[PDB]
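>>> Output the structure for:
(2 chains)
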Amino acid sequence: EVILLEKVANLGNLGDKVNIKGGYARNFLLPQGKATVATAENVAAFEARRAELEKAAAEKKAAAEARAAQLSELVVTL
RNA sequence: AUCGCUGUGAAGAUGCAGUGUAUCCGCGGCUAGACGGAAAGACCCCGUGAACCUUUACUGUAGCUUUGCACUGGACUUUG
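Residues are numbered from 1 along each chain as shown, chains lettered A, B, ... in the order given. Take a look:
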């Protein structure tokens, strides 16, 4: 009953509409910018924004390339 | 207009009966009677009366506790 928008999770899709538990929509999926309820108020507004998502969602692993190269140097002094 | 006695009597009499005493009226005292006064007996019984206490009386119930379903999610596994 939700529209998923991210894929780096355990079961996060982007174009499948799944039926999940009621508390899993309320407290996690909706308030994190990660879904919206299956309403027909902007369901045709999703279809005019299908090519704005293909920019930032692809750099999401590309900006995690060189940022990860300073995460494993282990240069924190205790 | 308020005596004793002995009987009688709702069964212990100033008042009935019979009979003895006894002029009329205070004051001071004493308490034997007036089943003296005081409190619609406290004991006892009664009431399909009450109240409050008790419990292993009856019926409940606050509180405590158990599980089901809500609030309440994902993710692998032991597992059917």
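
>>> ok but residue A:32 is inside a strand, no?
No - the secondary structure assignment for residue A:32 gives coil rather than a strand, going by DSSP: H, G, I helix; E, B strand; the rest coil.

>>> What residues does it make contact with?
Contacts here follow Cβ atoms under 8 Å, 6 or more residues apart in numbering; on that basis residue A:32 touches nothing. For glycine as for every other residue, the C-beta is placed from the backbone atoms N, C-alpha and C.

>>> 10 Å - rerun?
For residue A:32, the contacting residues are A:5, A:6, by Cβ atoms under 10 Å, 6 or more residues apart in numbering.

>>> in chain A, which spans are helices?
Using DSSP state H, the helices assigned to chain A run over residues A:22-24, A:53-62.

>>> chain center to stretch A:14-28: distance?
When C-alpha coordinates are averaged (Cα atoms, centre = their mean, to the nearest Å), stretch A:14-28 and its chain have centres 13 Å apart.

>>> Would you work out how far apart the start and end of it are?
Between the opening and closing residues of stretch A:14-28 there is a gap of 16 Å (Cα to Cα, to the nearest Å).
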